[PDB]
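This report concerns only the one structure given below.
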Amino acid sequence: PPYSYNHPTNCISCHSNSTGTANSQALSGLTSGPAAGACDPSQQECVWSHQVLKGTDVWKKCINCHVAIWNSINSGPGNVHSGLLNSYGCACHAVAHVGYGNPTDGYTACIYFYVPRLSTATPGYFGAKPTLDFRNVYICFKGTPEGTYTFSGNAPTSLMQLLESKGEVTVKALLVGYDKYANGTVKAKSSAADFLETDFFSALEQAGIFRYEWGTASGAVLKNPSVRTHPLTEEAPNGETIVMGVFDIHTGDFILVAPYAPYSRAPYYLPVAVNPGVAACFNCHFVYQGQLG
Amino acid sequence: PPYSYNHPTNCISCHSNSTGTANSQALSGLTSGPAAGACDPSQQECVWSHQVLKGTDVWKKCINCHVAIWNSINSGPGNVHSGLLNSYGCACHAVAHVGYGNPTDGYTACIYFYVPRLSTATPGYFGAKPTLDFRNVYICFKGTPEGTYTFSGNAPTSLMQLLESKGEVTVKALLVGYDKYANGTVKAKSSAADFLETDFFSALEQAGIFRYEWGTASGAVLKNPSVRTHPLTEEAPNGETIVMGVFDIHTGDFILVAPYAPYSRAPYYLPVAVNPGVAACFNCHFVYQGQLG
Amino acid sequence: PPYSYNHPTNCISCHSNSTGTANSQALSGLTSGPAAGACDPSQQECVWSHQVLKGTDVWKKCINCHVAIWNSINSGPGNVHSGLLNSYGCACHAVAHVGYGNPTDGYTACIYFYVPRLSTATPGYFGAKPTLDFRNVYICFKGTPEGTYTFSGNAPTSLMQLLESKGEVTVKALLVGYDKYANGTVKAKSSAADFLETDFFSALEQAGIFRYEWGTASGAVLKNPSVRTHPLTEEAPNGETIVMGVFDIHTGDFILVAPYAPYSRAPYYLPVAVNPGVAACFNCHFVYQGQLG
Amino acid sequence: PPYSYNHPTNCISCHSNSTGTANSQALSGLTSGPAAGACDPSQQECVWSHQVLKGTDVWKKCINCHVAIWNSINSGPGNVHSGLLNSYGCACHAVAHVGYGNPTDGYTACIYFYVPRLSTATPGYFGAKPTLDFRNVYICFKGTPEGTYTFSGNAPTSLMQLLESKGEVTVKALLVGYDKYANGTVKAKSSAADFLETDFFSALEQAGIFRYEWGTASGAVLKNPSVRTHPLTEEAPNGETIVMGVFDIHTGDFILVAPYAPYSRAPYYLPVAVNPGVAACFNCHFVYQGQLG
Amino acid sequence: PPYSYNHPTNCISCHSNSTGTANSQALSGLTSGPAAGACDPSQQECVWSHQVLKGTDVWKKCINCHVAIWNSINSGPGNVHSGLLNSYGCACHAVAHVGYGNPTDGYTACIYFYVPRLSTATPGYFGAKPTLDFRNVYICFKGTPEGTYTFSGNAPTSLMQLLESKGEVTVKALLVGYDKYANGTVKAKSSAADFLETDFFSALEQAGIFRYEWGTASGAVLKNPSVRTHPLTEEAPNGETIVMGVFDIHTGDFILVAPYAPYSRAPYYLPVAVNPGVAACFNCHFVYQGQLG
Ligand code: HEC
Ligand code: HEC
Ligand code: HEC
Ligand code: HEC
Ligand code: HEC
Ligand code: HEC
Ligand code: HEC
Ligand code: HEC
Ligand code: HEC
Ligand code: HEC
Ligand code: HEC
Ligand code: HEC
Ligand code: HEC
């Protein structure tokens, strides 16, 4: 069975354009019913049509959850980036598919993200905004949790050279200090960071990520005892997971978005002043003709 | 990961209008919860709504730290400049965003500040105070740490001409002599200035800025051994930082506020009589019709 | 950066009521510490509270250096003028703020001083002492180093008329002959005056002011080789300076206090018998009902 | 700037008890050095302590020049008047401070001198010497160069009545005939007096006073071409001067000491037999109980 | 100013031992030059040293004018009295200093002369010559021009008693008749005496003394039109003068030497046969043990 590391590993929901709508292009009759994309699930039984998507459609077709954020960026309080998302989906989050375990042999994982394109637009361009083209490039590699890596893909050669010279891909995240109790209560502390810096394939071994609270009478943010939040993540040490975060193409670092918005304030990560999560946008907003784009 | 040069490079806190308040316009439900600006983080889990701000709002929305200074100027002991700040935010500090490194190719950085406007107000005006309009103009440029620069922006043409003729933007700061010990103790000396004057992009290489003390039994100001101060800054030589200071539009010099208030007295910077930090206000308080405004 | 012409151009020290005292009304916590005027710099880190002062307070709040002179006048050997200084500060020295350069366009400078008030006190008063009221009036003007000037302010109309008719404000000082050597040694001669008489804005171009000695084995006063004195001043030809001296309201002449007390004796300024520095007190001690007060 | 009429108008030298001595009560450290009256100018830099003196001390503290005359009277060839000078300073010379000009409005000037006191000493005293008490009284007045005057002060009522009845104070001096050449040579003639008699405030307009020679091959006294003497005085028509001479309290006439000792012989002032300069001593040496003392 | 009655009232020339000689004990440097009695006026500027003399020196030190008469008596045609003058100066002329005026109150005047001493030299001496000792005694008094007088001094008691009994001191002189013309011509008549006999203090009111001629084509003595003689004296009615003559101690009469040698012949004073001027020598040449010496 698939294991959850940071995201629900429902390979159908993220790849098949919803399941509950009327026409439901992903739904088809079971035995001899209507052809694919024609049944009415509210009026007749029909089954998944085995639809799989590739390319930029997958980024856009991830609006099955996160309706609030999608509406927030599209004609909401995030109106600025509306042009980018409405044309390329979530064009700045990196999805890292991972396959199998047993660290004795070495796993296999690919990383998918976007890279701004700048070969056009009157060479010599050094603006504070990028041109609207991103090529949806990807990187995939194989290796053991310790030591060497082998790279492949169609990423820009400048990033491939950096990754080959480095020899590994690193993962860094911010670990808000937390206290775990017997009944599952998770309360955050006031001064603890324990900055993460490990190989990507050794990051599958540890699950000390804070990622919000779930307790009661907590002194930081949460106060309601009976809610369904998402506390500290799971280990998943030799399984098939979907690691989600952002990929800083400048240094080849896959960064996890470990803390949430209410837990990115000074009295909660004081020892380490920086939050690694917000680092992708420097590969978009301060570009020039060369660099690594 | 973002690097800290003089300011916390938390790109969300300075651009998203707080995160912990009740309504919390920057907070939105994670999967299908309340729309953006409607969750209660103390009563339900919700996530950053990807809100980004541009214009004069960003200057005003920087009241998430520095509550003491904001209250000091607004109806406090800094009551004089209350009219300016309450309408334009911190209208005299310059924020210099910087992107990427590897000085072989050259970085890219922009500078944001304010410039008094004087085209109105009965031509021939030569008062000791400026008119209340500042246009929040910006300058951005690209170049290597050594030699030539290329400029662009919407700054007044008089300043653009000076910057193009000069060919570079310089950084100057006051370096109070300090002694660094093994245990991190930093004690200031009695006579050492070592005035800074370097290209802006070569200022990212050196971190000899004094910027307060952190030791114990210090003979200058500090006496308490266990406090969390901010000692000498960090290098950040090929990273994405946020350099903060003031920009003197008269000479195109980006000035760092290197020493703090307790360390701007005669027995602490004696060899160099002037403190470069307090130089912005000459572009506001002694203006005339032309000049560089 | 600010330039030094005759005084340290530390715009905070002269305008913010000290920085090192316990309560330290000008000091405030950095991020969320105690409010302004409440931190203890010897026990906790806190920063300048952006306090700026206007009016008669600025004159009194200049006791951060010059403790010896302040104590000399207040209940010392200068006991006579103790009543005036303790109520109005240094009420006879003129401070001349100056802004920007490039003499092609023309600078902008204001002058601040005191003027005795005599409209009261039984009209017909022609005593040898003035009444204790001085109104702390100011004059500001704009113009190029050559030729015309434009005046404004709230000074008494009699002085404004004289300044407009004259068309310029002149600067005069006594230049004790000096010899400058390679190693910085400055020795005064026996007969050289070279009386100064130039427009105020052309006085920023030349720095031939003697202003004490710094050498060794000097035959005039100084004998110790290793001391920190203040030798001949600096040019500062297109910068923001703070010119300090006295303003003779009778002729509208801004007079620099060029020589010091040990160098105002006959064998050191013989060719010119008068010392222009001591000329302010004729606007206080020999007044009548009209005049220019 | 102050103007010289007959005396160096150095208001500090005559009022501040020297400047070059070791202890130097008038010298104080500049910024934070030793307190007033404690610096060593030959070993450390220190500045005028703003010391001002009033009363009989000012008369005694004028020994900073005129060392030869002071030693001549004190235990020298002027041994007779040694008792008077050692106790009251120069008790027979009159100092007349003057303030401002523009004769359209009228100036303001005070006169300071000594008056013998005779109310004691067995009424009926008509000796040829006065009693040793002089009260250092003063007279000050205001008026235009033409016509009326207004008097005030604490002088004996007998002199005040005479001055009010007269309506003006007159100045008289002896003008030795002189010839002035292009190169500054001044040679005295053999028969020319041109006795002076004018209002005090109209005496500031003319500068025909002989007051010694400065030429070469002169047939009267001087023979050396290269000396620094004091030739004919200056006009100073609307300025702040210090007129020095003697005040004959008998007639209220301020008398200038116009010619020097070598030029008070018969072949140099023949037309007028009397020299007005030596007229003060009749108010000391031939007094009685009443008179104007 | 001093007034001239019969003698130049130059109080310095008669009291300070010349001014033009090389060593010039009465001359001293002005500001810091050579000490008193050491300057060379022909080679350097120096000023009166305020030297005043008392005693028998003043009589001898009156050789600054009258060189002809001094040489006439000393080893000349007046060889007889050479012993007296060379040891006591002009020991038979009386000098009468006078002070102030306004005859309503009364003036004050002293008289200085010589009195032969005869208490020694074998009591019973009645020779035709006096012994060589004269004691340089003086008399001073106060009184109004009319009526009573008050006497004091150290004169011999016999003369004091006579003066007190008389109650006044009288002045007598011979008035040669003269005619005064518009152009200043003064011509003497042939028969007019108008003998003077008045109180000393009322003699200051009238100036009808002949005292030589100044005209042209005069029939008495003078023939040259252009000469500088000394015609009829001046009034000086309420001033400070120096009355010069001889004092006849026998009757206490101060006698003026009114006519000169060429005008003491019979056809010029015919009505009064005696000339009062030559009356002093009867107090020297016909003395005895008692009398009034
Ligand atoms: C349905 C279920 C979806 C779909 C179709 C997508 N997401 Fe999202 N996601 C989902 C859940 C329940 C959560 C909570 C995380 C948890 O339970 O542990 C998330 C979280 C994220 C995050 C935060 C990652 C982290 O905190 O470590 C991101 C960045 C994210 N999801 C992105 C994302 C994108 C880009 C999608 C479409 C391309 C997308 N999700 C779809 C549930 C669901
Ligand atoms: C939250 C965290 C913020 C926010 C939202 C702003 N600042 Fe400020 N700032 C912050 C810290 C922790 C510090 C300490 C500096 C350090 O840790 O090294 C500062 C400092 C400054 C300074 C001093 C710069 C220097 O000493 O070199 C300035 C001038 C400053 N901050 C300005 C500033 C402005 C103008 C802001 C809003 C527009 C602002 N800050 C927001 C923390 C925080
Ligand atoms: C701290 C630093 C101060 C403060 C707060 C004031 N002064 Fe003063 N001042 C200071 C220095 C180091 C010097 C030396 C001058 C030099 O380095 O070149 C001075 C000098 C003066 C002078 C002399 C001016 C001259 O010689 O040309 C004056 C007249 C003077 N300072 C006046 C003054 C007044 C009136 C102040 C308060 C209102 C004042 N100072 C404050 C240093 C400092
Ligand atoms: C220092 C400089 C002093 C001081 C402290 C005093 N005097 Fe004197 N004085 C000085 C100079 C250089 C001169 C020359 C005059 C000139 O340059 O024109 C004088 C002159 C006088 C005179 C003569 C006045 C005349 O000729 O018209 C007098 C009477 C005089 N000075 C008096 C005087 C007194 C009474 C002082 C102390 C109370 C005194 N001076 C101080 C220079 C200096
Ligand atoms: C310099 C000037 C002197 C000095 C130092 C003395 N005298 Fe003499 N004197 C002087 C003048 C110019 C005149 C002319 C008189 C005039 O101008 O009206 C005189 C006159 C006399 C007289 C005659 C008095 C008379 O005619 O009424 C006498 C008796 C006399 N002078 C005496 C005298 C004595 C005793 C002196 C020294 C002790 C002396 N003089 C000095 C000019 C000068
Ligand atoms: C929550 C999101 C999400 C989930 C869950 C997910 N994917 Fe994807 N997948 C993506 C996105 C986004 C892309 C876009 C890659 C591109 O556009 O090039 C992608 C692309 C792919 C590709 C294309 C690779 C290529 O070279 O074209 C494959 C294969 C794939 N996914 C397999 C899987 C499998 C197998 C699972 C589950 C068992 C899975 N994915 C689950 C988001 C997801
Ligand atoms: C993957 C690309 C990408 C990333 C990552 C990204 N942006 Fe942008 N951003 C854009 C583009 C494209 C635009 C211009 C949109 C347009 O012109 O329509 C833009 C515009 C903006 C603007 C407005 C610029 C203007 O001139 O008005 C702001 C502000 C901004 N972004 C902030 C941010 C911040 C803050 C981050 C990171 C926290 C970020 N962006 C991350 C692509 C990106
Ligand atoms: C502590 C303050 C601060 C931080 C941190 C900060 N900014 Fe800004 N930023 C500002 C201010 C102030 C402005 C105002 C510029 C204006 O008003 O024109 C601004 C403006 C901008 C703009 C607008 C440029 C334009 O032309 O309109 C962009 C893009 C931007 N920031 C990007 C970023 C990114 C990306 C980060 C972090 C990864 C970041 N900023 C972090 C203060 C900050
Ligand atoms: C970016 C613009 C700006 C800067 C920088 C600035 N000021 Fe001002 N200042 C103003 C304005 C605008 C006013 C007038 C406010 C009003 O009229 O309401 C003012 C007013 C003042 C006043 C009061 C003037 C009066 O007539 O009462 C003082 C004092 C003052 N400033 C001091 C300073 C000092 C000191 C500095 C530098 C250390 C400084 N200011 C920097 C904009 C500025
Ligand atoms: C050493 C002394 C000193 C220094 C340094 C100094 N000032 Fe001042 N300043 C004064 C004094 C004194 C006044 C008093 C004026 C008054 O009372 O009217 C004053 C007044 C002012 C005013 C008030 C003008 C008005 O019309 O009310 C302004 C604005 C000002 N200063 C600006 C500055 C600036 C900007 C700087 C430095 C960058 C500076 N000053 C540095 C002494 C100083
Ligand atoms: C700006 C005004 C001002 C200036 C400039 C000034 N004074 Fe004064 N001075 C005063 C006042 C006011 C008093 C009277 C103080 C009192 O009555 O309490 C005074 C009093 C005096 C007194 C004592 C007067 C008395 O009757 O006892 C002396 C002496 C004196 N000043 C000397 C000087 C000298 C010397 C100077 C110049 C070198 C000078 N002053 C400059 C204002 C001034
Ligand atoms: C060369 C001598 C000299 C000079 C120069 C001089 N004074 Fe005086 N001053 C005196 C003397 C002597 C007195 C003594 C008055 C007394 O004792 O009553 C005096 C007294 C005074 C007084 C006291 C008035 C009173 O009523 O008590 C004042 C005020 C004064 N001076 C002002 C000045 C000023 C202002 C200057 C120059 C700008 C100056 N003086 C220059 C010699 C001088
Ligand atoms: C032309 C001659 C002459 C002139 C002019 C003159 N004196 Fe004298 N004075 C004398 C003589 C002679 C004595 C000698 C008295 C004695 O020896 O006792 C004398 C003595 C004195 C004495 C001494 C009195 C005593 O009791 O010892 C005084 C005082 C005096 N004079 C004052 C003056 C004054 C004041 C002036 C002018 C302003 C003046 N004199 C002008 C000739 C003169």
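Going by a 4.7 Å Cβ-Cβ cut-off, which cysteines of chain C have no partner at all?
C:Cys11, C:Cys14, C:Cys62, C:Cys65, C:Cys90, C:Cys92, C:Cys281, C:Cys284
Could you go through the range C:38-46 in sequence order and give the Karplus-derived ³J(HN,Hα) for each residue, using 6.51 cos²θ - 1.76 cosθ + 1.60 with θ = phi - 60°, rounded to whole Hz, and x for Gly and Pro?
Along the range C:38-46, the couplings run 10, 7, 10, x, 6, 10, 7, 6, 8 Hz.
How high is the relative contact order of chain E? Use alpha-carbon pairs under 8 Å, at least six apart in sequence, and give a whole percent.
Values: 606 pairs, mean separation 56.8, N = 293.
Reported as a whole number, the value is 19 percent.
Shape of the range A:83-125 from its Cα gyration tensor (a ≥ b ≥ c, root eigenvalues): rounded if a/c is under 1.5, otherwise prolate when a/b > b/c, or oblate?
Working: a/c = 6.66, a/b = 2.23, b/c = 2.98.
Taking the square roots of the gyration eigenvalues as a ≥ b ≥ c, the range A:83-125 is oblate.
Other chains' Cβ within 10 Å of B:101-109 residues: what's the mean?
Values: counts 3, 5, 0, 0, 5, 5, 4, 10, 3.
Rounded to a whole number, the mean comes out at 4.
Any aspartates and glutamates with Cα under 18 Å of the C:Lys60 Cα? List them, leaving off those in the same chain fewer than 8 positions away.
Excluding near neighbours in sequence, the set is C:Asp133.
Tell me which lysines have Cα within less than 17 Å of E:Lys61's Cα, excluding those fewer than 8 residues away on the same chain?
none
Which ³J(HN,Hα) values, rounded to whole Hz and listed in residue order, are derived for the range E:213-224 from phi using the Karplus coefficients 6.51, -1.76 and 1.60 in 6.51 cos²θ - 1.76 cosθ + 1.60 with θ = phi - 60°, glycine and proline given as x?
10, 9, x, 10, 6, 5, x, 8, 10, 5, 10, 8
Under 5 Å between amide hydrogens, which residues at least 5 positions from C:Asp253 or on another chain qualify, with H placed 1.01 Å from N in the peptide plane?
It is C:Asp248, by chain and number.
Looking only at D:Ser190, D:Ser16, D:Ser32, which one moves most when chain D is put into a Gaussian network model with springs between Cα atoms under 10 Å?
Maximum among the listed residues: D:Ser32.
For C:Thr150, place a label point 7 Å from Cα along the Cα-to-Cβ direction in every copy; what are the distances to the other copies, in nm, shortest first?
4.1, 4.1, 7.9, 7.9
Distance between the C-alpha centers of the range D:183-212 and the range D:81-125? Whole Å please.
24
What is the average number of partner chain Cβ atoms found within 10 Å of a Cβ in D:138-145? Display every interim value, and only then the final one.
On the way: counts 1, 0, 4, 1, 7, 2, 0, 0.
Across D:138-145, the average partner-chain Cβ count within 10 Å equals 2.
Let me know the shape class of chain C, please: from the alpha-carbon gyration tensor, a ≥ b ≥ c as square roots of the eigenvalues, rounded when a/c is under 1.5, otherwise prolate if a/b is greater than b/c, or oblate.
Working: a/c = 1.37, a/b = 1.07, b/c = 1.28.
Since a/c stays below 1.5, the shape of chain C is classed as rounded.
Amide H to amide H under 5 Å from C:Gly245: which residues, 5+ apart in sequence or cross-chain, H placed 1.01 Å off N in plane?
Distant-sequence amide H within range of C:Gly245: C:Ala94, C:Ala96.
Can you name the residue in chain A whose Cβ lies closest to the A-to-E rotation axis, and give that gap in whole Å?
A:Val278, 1
Where Rh is the Kirkwood radius over the Cα pairs of the range B:214-276, the temperature 37 °C and the viscosity 0.692 mPa s, what D in µm²/s does Stokes-Einstein return?
Numbers: Rh = 14.6 Å.
My calculation gives 224 µm²/s for D.
What residues qualify as long-range amide H neighbours of A:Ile209, i.e. H under 5 Å apart, gap of 5 or more or another chain, H built at 1.01 Å from N?
Correct list: A:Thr233.
Under 19 Å between alpha carbons, and skipping anything fewer than 8 positions from A:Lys223 in its own chain: which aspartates and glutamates qualify?
Straight-line reach from A:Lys223, under 19 Å: A:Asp179, A:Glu213, B:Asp40, B:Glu45.
Rounded, prolate or oblate, given the Cα gyration tensor of the range A:1-153, with a/c below 1.5 counting as rounded?
Since a/c reaches 1.5 but b/c is at least a/b, the shape of the range A:1-153 is classed as oblate.
What does the helix-only formula give at 222 nm for chain C: each DSSP H stretch with n ≥ 4 adding -39500 (n - 2.57), the total divided by the residues, and the result rounded to the nearest 500 deg cm²/dmol?
On the way: 4 runs with 29 residues, N = 293.
Taken over chain C, the calculation gives -2500 deg cm²/dmol.
Residues of B:19-32, mean number of Cβ from any other protein chain within 10 Å of their own Cβ, rounded to a whole number? Intermediate results must be reported in sequence, preceding the final value.
Values: counts 7, 7, 0, 0, 0, 2, 2, 4, 6, 12, 5, 8, 8, 5.
Neighbouring Cβ atoms belonging to other protein chains average 5 per residue here.
Could you pull the Cα extents of the protein assembly as shown along its three principal axes, largest to smallest, in whole Å?
Projected onto the principal axes, the Cα atoms of the protein assembly as shown cover 185, 59, 58 Å.
Cβ: placed from backbone, ideal geometry, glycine included. Neighbour counts: every protein chain shown. No value in this document is a laboratory result; all are computed from the given coordinates.
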